[PDB]
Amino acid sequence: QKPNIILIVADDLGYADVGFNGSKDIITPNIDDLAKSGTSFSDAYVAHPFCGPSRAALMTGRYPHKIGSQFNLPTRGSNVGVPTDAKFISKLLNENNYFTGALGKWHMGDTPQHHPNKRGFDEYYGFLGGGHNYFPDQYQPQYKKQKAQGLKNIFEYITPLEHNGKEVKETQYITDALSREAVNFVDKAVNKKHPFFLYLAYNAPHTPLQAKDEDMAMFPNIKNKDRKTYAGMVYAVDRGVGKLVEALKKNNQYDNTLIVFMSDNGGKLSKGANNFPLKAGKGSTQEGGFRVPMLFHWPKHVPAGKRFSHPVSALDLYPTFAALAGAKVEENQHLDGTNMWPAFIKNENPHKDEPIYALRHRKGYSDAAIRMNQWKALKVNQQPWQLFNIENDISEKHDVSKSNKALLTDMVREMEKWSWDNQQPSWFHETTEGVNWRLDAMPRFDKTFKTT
């Protein structure tokens, strides 16, 4: 009776780069099949506008700020990671009988205690850092050359992939390999006779922009070189989703599986993505940076052919997956999301009269976002707080703060209140970022929460 759960996460997939969310040029039929026979979300938000903190939030069900994970891990490697006392959704499900697998991108710590096998994943196949070169014919020779030279700090994008701690020699284009291993996983799950949970973390369409010629050949009308490469990268994900769906059907798993497909953040416009109609992209507190595509699919439980128009947070997946699995959640875990299912079924706002936050730090100041009901408050580029009616003004073109003073001020002060239990960052993505953090007396919330 308890359903299987598949969380598919594309990396830097732009808002307009799947068909079901308005793509005019990239075609994603297998992903679209899941949308057409399920529900898509027009107001889905991640907890942070870039990779590491967004992913920390997905797994922990907590705003990354609450657990010191506001920054990506140090790009050249580290002995730190998402804190081990915050129980991952995989570990919870595993403790309630689920068979658990994770594939592809991790970027939440490479130490023994931060490794997927210790965060409640029985199976893991992928690469532990922030991304990876896509062609083994290219990356394996570079790693061979650097290792034989004696070097220990080798760029994590060319290191060998692993399976449960043992290295492997990958042969296929990485997107295809991860898809293949997703098939292998759900095939292994047939014999287990428990429900299963799969975290499928594709690196596509994250840099570097490397695509197969066979995928790029499907977009002859895309004249721009990078956009074409990107299109091929996304299509490879779509082929993967089709390959996984044929395997689920083969095993009679398809009907009792909740599939969630989403992005971890907004697309990067300078690396082939499109976020139409949203402003800006990756790393912004504008909508482009943390409003993402999402679909649910689960026959007879998730309504087919619908589009859910109320705010949903990536933080909601933790308690929602838990509720659907029959897993008790303790109050000592401090989950920032909500079980969105009661409100989803009744077609009501699961965050009625409640804020959804984004807060991205920069050098000496912070950009911020608040989404509640129809309203979107925006703090960006050291400007005064702006307010938009995001239902009417999705592109954030018309600041109506001047005629809503009390409402905006109230929203900012509630964020100010919310800020106090944010931990100091446990790391930064670069050594100079942490020096500057300390030099600038951060967080400079005097700037961030100043009002009229």
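Heads up: residue numbers just count along the shown sequence, starting at 1.
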Would you tell me which stretch averages the higher CA B-factor in the PDB entry, 322-330 or 121-129?
322-330
If you average the CA temperature factors as listed in the entry, which stretch comes out higher, 189-197 or 313-321?
189-197
Max C-alpha B-factor within the set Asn72, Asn381, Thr175, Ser263 falls on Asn381
Going by the CA temperature factor in the entry, name the top one among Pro205, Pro303, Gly232, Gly289.
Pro303
Sorting the chain's modelled residues by C-alpha B-factor, tell me whether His361 ends up in the lowest, middle or highest third.
lowest
Lowest, middle or highest third of the chain for the C-alpha temperature factor of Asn274?
lowest
Sorting the chain's modelled residues by C-alpha B-factor and splitting them into thirds places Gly104 in the middle
Rank-wise, by C-alpha B-factor, drop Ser403 into the lowest, middle or highest third of its chain.
highest
Within-chain third of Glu433 by Cα B-factor, per the entry:
lowest
